[PDB]
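1. Experimental coordinates for this protein are included below, preceded by the sequence.
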Amino acid sequence: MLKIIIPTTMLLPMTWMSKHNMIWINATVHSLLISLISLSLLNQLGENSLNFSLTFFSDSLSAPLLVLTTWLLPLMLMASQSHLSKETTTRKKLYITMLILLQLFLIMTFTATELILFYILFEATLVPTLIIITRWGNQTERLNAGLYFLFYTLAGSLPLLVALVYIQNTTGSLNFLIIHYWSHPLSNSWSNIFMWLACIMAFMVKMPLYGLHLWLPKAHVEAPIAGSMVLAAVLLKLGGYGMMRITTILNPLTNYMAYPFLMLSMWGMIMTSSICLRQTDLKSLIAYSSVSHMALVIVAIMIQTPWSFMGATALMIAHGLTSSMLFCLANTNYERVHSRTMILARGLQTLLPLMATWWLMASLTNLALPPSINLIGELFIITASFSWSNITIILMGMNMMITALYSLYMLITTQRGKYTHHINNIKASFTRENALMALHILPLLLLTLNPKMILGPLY
Amino acid sequence: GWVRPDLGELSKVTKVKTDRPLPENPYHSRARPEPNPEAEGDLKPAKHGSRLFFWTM
Ligand SMILES: CCCCCCCCCCCCCCCCCC(=O)O[C@@H](COC(=O)CCCCCCCCCCCCCCC)COP(=O)(O)OC[C@H](O)CO
C-alpha cells in the first residue's frame, strides 16, 4: 500500500538534491531499504487477497512480483555506474530519476485494484523506458528500436482501452474483486470473440509471442544495461499479470478461442529457441531466449488450469531474475571488448575465473536444472499441459532439449575455449560486477527452499 | 347643435359599455402541455464521490 509508494517517490527528491558524487550511494541505500519493506508485504493470507483500500490491494500473485521489482531497483544503479560515470551530474540524476519513476509505476500497476487504474499505468511505464532506450542507449538503430517497441504495445493496448471502458458501461465497476464475484459466462456471439481478442491482445504484445515479438530483439540489444534488465525482468511480465487478472471474464470463450495462440506459442518456442542456437549477438541470444520462456507462459496462462497458473508464477519470477543476470553477463563482457559478437572474446574463463562460475550457474538456472525455480516452473507447466493434451509433451520436451544446446553454446563459445590473442584490455573483474552477480544468483537459490512464496494465489 | 371635437379628443381611448360576454379563448387555444416536475428536496452529497473509474472521492 502506501508504506512502499511514498518511500519510492520520496526517493526522487533525494537523488535530485543529494551531493554531486553521492547520488549512487544514497539511491542504492534506500532502494535496498525499499526492497526490505516490500519483502514485509510478501506475506499473504489463505484465500482473501491482502486488500488495503479501493485504490490498492495485493494478492499472492502481485506480492512476489512487487518484491522482485523493488529488489531489481538497486541492481540497475549497480549495473549502470560504469558507462555513465563520464556524464554531467544532471544527466546522471535524470537517469536515476527515470528508473525510480519507472519502478514507481510498477508498484502502482501490480497493486492496482481497478482494471482501468491497472490500465492507466500499464502504458505509463513506456514513457520512462522509451527515454532510457532512446537517449542513453548505446547504438545507432536504437531510434528505430524505440519506435518498434513503442508502437507495438500501443497497437495492442488501445483495443484494450475500448474493451475496458465497454466493460464499465455494461457490468458497472471494474474492481478486480467485483469482476471475480460477478463473473458471467461470456457467450459465443461473434462480437464476444472481438471482445475476447481486444481483452487479450494488449497483454499478448508485451509478452512476446511468435509473430508479435520482433520488437524484443530490437528492444533488448540497443537498450542500455539498465534498460535491458527492467524490460526483460519486469516489463515482459505486465502482460503476464494482466492475463491472470483479466481471464476471469473470458470463459468459456477462452476454451475455444485459445487454439490459435496455443499453436503459435508452442510452435514458436521451438522456432525461437532454434534462433538462439545460431545467434551471432550475445545480447540478442539472451533476448530470444526470453521469448521462448515467455511463450511457455503463454501456454501456461491460456490453458487455465490450477497447476498451469502455479508453474506460470514460478517461471514468472525465475525467468526474470535469470534474464536480468544473463544481460548483466553480456554487459559485463561488452565494454571490455566494445563489441557484441559472441566469438569476439572466446576463452574468457582462463582470463576471468570467477566470471566463469557466475556464467555457469546463470546458464544452469536458465537450463531449468532442478531444483532451480525455473525447473519448478517448466515441470509444473508440462504436467498441466500434458493433462490438457498428451501430444504437447513432444513439443514441450523438445524445447528443453533445444534449451540445453543453446544455453551451453554461449558457455563454450565465450567462457571455455582458447583465449583471443589480439585482445589485451581485459582487466580483472571489478568487484562491483562480481557483487552484483551474486546479488542475482543468491536469492534465486534462496527461493528454492520456499517455492510457496512465489507459487501464487492458485497455491 | 353639434360641436367640433377638439384636437386629441378623437384619439382619446374611450370606455365602451357593452352587454356581450368577453370571449373565453379568443385564439381558440388548446390544452397546455403539463410542465415537467420541478426539482425539490435538499441537496445531498454525491454518493461515493465522483464515481468516475478508480477515483474514490
Ligand atoms: C493493428 C490492428 C489491431 C491489432 C489486434 C487487436 C485485437 C483485434 C481485434 C480488435 C477489436 C477492437 C474493437 C473491440 C472493442 C471492444 C469490443 C467489445 O467490447 O465487444 C463488442 C463487439 O462489437 C463490435 O462490433 C466490436 C468491434 C468489432 C471489430 C470491428 C472494429 C475493430 C477492427 C477494425 C479497427 C481496428 C483495426 C486497425 C485499423 C487500422 C460488443 O458490442 P456488441 O456488438 O455485442 O454490441 C451489442 C450489439 O450487438 C450491437 O453493438
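-> The structure has been received and is ready for your questions. Numbers count the residues shown, from 1 in each chain, chains lettered A, B, ... in the order given.

2. correct me, but residue A:171 touches residue A:183?
-> No. Taking contacts as CB atoms under 8 Å, residue A:171 lies outside contact range of residue A:183: 9.3 Å. Bear in mind the C-beta positions are built from the backbone N, C-alpha and C, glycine included.

3. Could you report the neighbour count for whichever residue of chain B sits closest to chain A?
-> Nearest residue of chain B to chain A: residue B:54, at 3.8 Å (CB to the nearest CB). Other residues lying near residue B:54 total 18 when counted by other CB atoms under 10 Å in any protein chain shown.

4. That one reaches residue A:117, doesn't it?
-> Yes. Residue B:54 lies in contact with residue A:117 (CB under 8 Å); the separation is 3.8 Å.

5. Show me the common contact partners of the two, please.
-> Common neighbours of residue B:54 and residue A:117 are listed as residue A:55 (criterion: CB atoms under 8 Å, 6 or more residues apart in numbering or on different chains).

6. phi, psi of residue A:209?
-> phi -100, psi 150 (degrees, to the nearest 10).

7. residues in contact with it?
-> Contacts of residue A:209 (CB under 8 Å, 6+ apart): A:261, A:264, A:265, A:268, A:291, A:294, A:295, A:298.

8. Buried ones among those residues?
-> A:261, A:264, A:265, A:268, A:291, A:294, A:295, A:298 (16 or more other CB atoms under 10 Å in any protein chain shown).

9. rewinding a little: among the contacts of residue A:209, which lie within helices?
-> Counted as lying in helices by DSSP state H, out of these, are A:261, A:264, A:265, A:268, A:291, A:294, A:295, A:298.

10. Quick check: the farthest pair among these?
-> Greatest spatial distance among the ones in helices among the contacts of residue A:209 (CB to CB): A:261 and A:291, at 14.2 Å.

11. Get me the contact residues on chain B for chain A.
-> Residues of chain B lying close to chain A (CB under 8 Å from any CB of the partner chain) are B:53, B:54, B:56.

12. tell me which of the contacts of residue A:209 is nearest to residue A:32?
-> Closest approach to residue A:32 among the contacts of residue A:209 (CB to CB): residue A:294, at 27.9 Å.

13. Checking the one residue in chain B that gets nearest to the ligand next. Helix, strand or coil?
-> Taking CB to the nearest ligand atom, the ligand has its nearest neighbour within chain B at residue B:53, 16.7 Å off. When classified by DSSP: H, G, I helix; E, B strand; the rest coil, residue B:53 comes out as coil.

14. Pull up the gap between it and residue A:124, please.
-> Using CB to CB, to the nearest Å, residue B:53 is found at 15 Å from residue A:124.

15. Could you pull up phi and psi at residue A:30?
-> Main-chain torsions, residue A:30, degrees, to the nearest 10: phi -80, psi -20.

16. so who does it touch?
-> Contacts for residue A:30 (CB under 8 Å, 6+ apart) come out as A:7, A:11, A:14.

17. Am I right that residue A:316 falls within a helix?
-> Yes. Under three-state DSSP, residue A:316 falls within a helix.

18. Give me the spatial nearest neighbour of it, chain neighbours excluded.
-> In space, and not counting its chain neighbours, residue A:316 is closest to residue A:240: 5.7 Å by CB to CB, 6 or more residues apart in numbering or on different chains.

19. Repeat that for residue A:315.
-> Spatial nearest neighbour of residue A:315, excluding adjacent residues (CB to CB, 6+ apart): residue A:377 at 3.1 Å.

20. Repeat that for residue A:334.
-> residue A:340 (6.4 Å).

21. which parts of chain A sit against the ligand?
-> Contact residues, chain A versus the ligand (CB under 6 Å from any ligand atom): A:155, A:156, A:159, A:162, A:163, A:166, A:191, A:194, A:195, A:197, A:198, A:201.

22. of those residues, buried ones?
-> For the residues of chain A next to the ligand, a neighbour count by 16+ other CB under 10 Å gives the buried set as A:156, A:159, A:163, A:195, A:198, A:201.

23. want to throw the contacts of residue A:209 into TSV with distance to chain B?
-> Shown next, in TSV, are the contacts of residue A:209 (distance: CB to the nearest CB, whole Å):
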residue	distance to chain B
A:261	29
A:264	33
A:265	32
A:268	35
A:291	33
A:294	29
A:295	32
A:298	28
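
24. Closest one to the ligand out of those, please.
-> residue A:261 (12.0 Å).

25. Now the two most distant members of the buried ones among the residues of chain A next to the ligand.
-> A:156 and A:195, at 15.1 Å, using CB to CB across those.

26. could you dump stretch A:265-284 to CSV, C-alpha only?
-> What follows is stretch A:265-284, C-alpha atoms only, in CSV (Å, rounded to 0.1, in the frame of the first residue of the first chain):
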residue,chain,number,x,y,z
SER,A,265,3.2,-20.2,-28.8
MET,A,266,4.0,-23.9,-28.7
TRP,A,267,5.5,-23.9,-32.2
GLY,A,268,7.0,-20.5,-31.7
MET,A,269,9.1,-21.6,-28.7
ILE,A,270,10.7,-24.3,-30.9
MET,A,271,11.4,-21.8,-33.6
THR,A,272,12.6,-19.0,-31.3
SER,A,273,14.9,-21.4,-29.3
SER,A,274,16.2,-22.5,-32.7
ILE,A,275,17.2,-18.9,-33.4
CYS,A,276,19.1,-18.9,-30.1
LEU,A,277,21.1,-21.9,-31.4
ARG,A,278,22.5,-19.7,-34.2
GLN,A,279,22.6,-16.1,-32.9
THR,A,280,25.6,-14.0,-33.7
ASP,A,281,24.9,-11.4,-30.9
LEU,A,282,25.1,-12.4,-27.3
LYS,A,283,22.5,-9.9,-26.2
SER,A,284,20.2,-11.0,-29.0
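
27. No further queries at this time; thank you.
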